[PDB]
C-alpha cells in the first residue's frame, strides 16, 4: 500500500523527517497525503497535517508537510519529547480504496469540532453491532465522514466512508460485504452496521471527519477524529 519507515529517532531540538510514498494519482494528476499522530494505543489519533501541507490551527507550528513527486514528507522542526508517537500516513490507492494508511513510523526522542461514538461492546462471532457517531461543531451536511479501526497492537485500518450527500459509500477490503455505512444529516450522525463479526474485527473504531472541499473523502484529508468505541468479538 503506502510505504513509510517503521522508526525514526532524534535528539531534542533536531529536525525530524518522515517520508511516505505509494499513494495513487488523484483526479487532478497530483498526489495527496495526510499525517496522523497517535501517542498511545489508548488514545485517538490527531491530524497534524492534511492535504500535503495544511496544518490545523491547534497543531504546533513545528509540524509542517511537503510533497515531492508522489512522495510526502512530514517535518518536525525542533522536535520535543512530547512528539514521541506513531505517525501514520494516509492517502488513496489508484482505484477502489479512497483511504489507505501506511504501517506507521514510531518516533523516539533520545535522552469546537466533536465526534462522539457509541454502540461498541462485546459480541460473539457471527453476530452484529451498530456503531453511531454524533457530530457537532461543524456543518455536518457539508463533509464526508469515515470509520477507521485499530486492532490491539496494530495500525490504523480504513473501514468505510460516505460522502456529504449520502453517496460514495465505499468499504475496506477486510469488511467487504459485512459493513454498511449511512448518515443522517439532519441528526448529524454517521452509522456503521457490522454483520457476521469475526474475532479479528476486534479493535477500537474511530469516527473521522473529512476536510475535502467537494464533500467527498479520502485518506489524505481527515481533519478530526472521535474518541473511539471498542468492539470486542470473542467466543
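Residue numbers count along the first chain shown, from 1.
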property: 85-93 versus 132-140 - which carries the larger mean C-alpha B factor in the record; result: 132-140
property: Given 117-125 and 96-104, the range whose Cα B-factors average higher in the PDB entry; result: 117-125
property: C-alpha B-factor winner, where the candidates are 168, 172, 45, 56; result: 56
property: Candidate residues 209, 67, 183, 198, the one whose C-alpha B factor the record puts highest; result: 67
property: Within-chain third of residue 156 by Cα B-factor, per the entry; result: lowest
property: CA B-factor ranking of residue 148, expressed as a third of its chain; result: lowest
property: Third of chain Cα B-factors occupied by residue 162; result: lowest
property: Cα B factor band for residue 11 (lowest, middle or highest third within the chain); result: highest
property: Chain thirds of CA B-factor: placement of residue 194; result: highest
